[PDB]
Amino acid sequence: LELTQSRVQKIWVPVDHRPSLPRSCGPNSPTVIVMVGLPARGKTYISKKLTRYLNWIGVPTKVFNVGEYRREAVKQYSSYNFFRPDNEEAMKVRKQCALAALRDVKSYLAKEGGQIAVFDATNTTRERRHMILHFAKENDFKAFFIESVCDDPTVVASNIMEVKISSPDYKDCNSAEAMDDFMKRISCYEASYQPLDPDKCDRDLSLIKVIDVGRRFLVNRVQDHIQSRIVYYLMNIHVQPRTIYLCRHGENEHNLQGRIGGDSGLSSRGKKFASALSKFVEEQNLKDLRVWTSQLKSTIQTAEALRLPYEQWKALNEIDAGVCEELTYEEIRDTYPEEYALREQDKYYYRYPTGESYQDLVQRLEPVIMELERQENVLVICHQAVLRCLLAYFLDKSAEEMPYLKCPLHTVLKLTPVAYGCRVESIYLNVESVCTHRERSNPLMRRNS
């Protein structure tokens, strides 16, 4: 009925004429995601990636790798003997490591504002899992299990070579031995490993059993929206090798006049960039390649130069500056000085009058991201702000740094799957253009001054 619009987010909230003594209060249950499976099954991989996605879409998440807790308690690794079921002392340390991790999980979900906590450990026994349930139960946390099952020696072998042997545990080992020691380590967990059994013992557990690297899934009783998304997400990511290329439209006319937004076409240099891009793609010699653009003339003209089928996406359109479209930063500061200042102090959440915020872009780009995960080779020709959002997702950058990532014109960012994330390579196509990057940039409201 009677409200006021927040200055940064432009959100309508009710005016709280806090009486004499303003009462605050503060601070949807948090979720503990429990990874399950033998080592070298991709649990850490899934953990890190899922967390990357969730934080990007706005759900604060953190991974709690029990392994790191162990490396912290036991300075240097020696061999798999540490993991033998008969190693009574090591068992105490391992148990202590897991409980210490949960301790931090409690502090995260109950005292640091986190919503999701990924408990990354083998958690291969009903006994370990029951303990976690109890823990969750007493702290009022929902529990969701993700088990990875893979009995393909080629896969396990490969997984070991990609992330295991180069672990700090094997700092003083050659491939031959690290590989041999890890295999023995896995054997240690095999005897008491009790996979999840939803059609029986684990009927009441909320879980997803990822089988044969995503070939098949077994989902049991999803509880909420959050558990709905993850499941959706896990069923769309793959591990096939491929490359993702990201770049902006060749320089446009508004770029030259320092004008934001609009729908201007390519400048002579922008067109030059287009051919260069065509040459670059040709040289990459990719068997197949999808090309995506926004619906703004700028990106489509660039795509045309490629002579390849491309698909337009309205979601890739540049951020909408509202009443500031087509205006220069100078004109914005002069006409909307307060709006200008507000954006500089909170560039991620700031929303343009009748326009958008970087936050809006993320919600808007979520489906572009979901498709990128499903695809193989893809070239995305877009815009500065948009590019920053996608890049933030792939490179796991925070919301605070997202609106400042450097995404120059005429430059292609080549992204490749490496280890637990994405490797990025920058390739400038050698065509001049303007630079549209802008970095971040009291006494009277106090006595004495």
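Note that residue numbering begins at 1 and tracks the sequence as displayed.
Enquirer: Is residue 14 a gap in at least one third of the other compared entries?
Expert: Other entries vs residue 14: none skip it.
Enquirer: Give yes or no for this: do at least a third of the other compared entries, each modelling residues before and after residue 440, lack coordinates for it?
Expert: Residue 440: modelled in all of the comparison entries.
Enquirer: According to the entry, how many residues of the deposited sequence fall between residue 20 and residue 21 and are not modelled? Options: none, 1 to 3, 4 to 9, 10 or more.
Expert: Gap between residue 20 and residue 21: none, chain continuous.
Enquirer: Higher mean Cα B-factor in the deposited model: 296 to 304 or 87 to 95?
Expert: Stretch with the higher mean C-alpha B-factor: 87 to 95.
Enquirer: Comparing 142 to 150 with 243 to 251, which stretch shows the greater average C-alpha B-factor in the deposited entry?
Expert: The deposited B-factors put 142 to 150 ahead on the C-alpha mean.
Enquirer: Can you tell me which of 265, 355, 168, 258 has the maximum CA B-factor listed in the PDB entry?
Expert: Answer, based on the entry's C-alpha B-factors: 168.
Enquirer: Out of 11, 15, 434, 431, which shows the largest CA B-factor listed in the entry?
Expert: Answer, based on the entry's C-alpha B-factors: 15.
Enquirer: Going by what the PDB entry lists, where does residue 77 fall on CA B-factor within its chain: lowest, middle or highest third?
Expert: Tercile = highest for this residue's CA B-factor.
Enquirer: Per the entry's values, where does residue 366 land by CA temperature factor relative to the rest of its chain, in the lowest, middle or highest third?
Expert: Residue 366: CA B-factor falls in the lowest third of its chain.
Enquirer: Would you mind ranking residue 423 by its C-alpha B-factor against the rest of the chain and naming the third, lowest, middle or highest?
Expert: Top third by C-alpha B-factor.
Enquirer: Ranking the modelled residues of this chain by C-alpha B-factor as given in the entry, is residue 408 in the lowest, middle or highest third?
Expert: Middle third.
Enquirer: Is the Cα B-factor recorded for residue 137 in the lowest, middle or highest third of its chain?
Expert: Within its chain, residue 137 is a highest-third residue by C-alpha B-factor, going by the deposited values.
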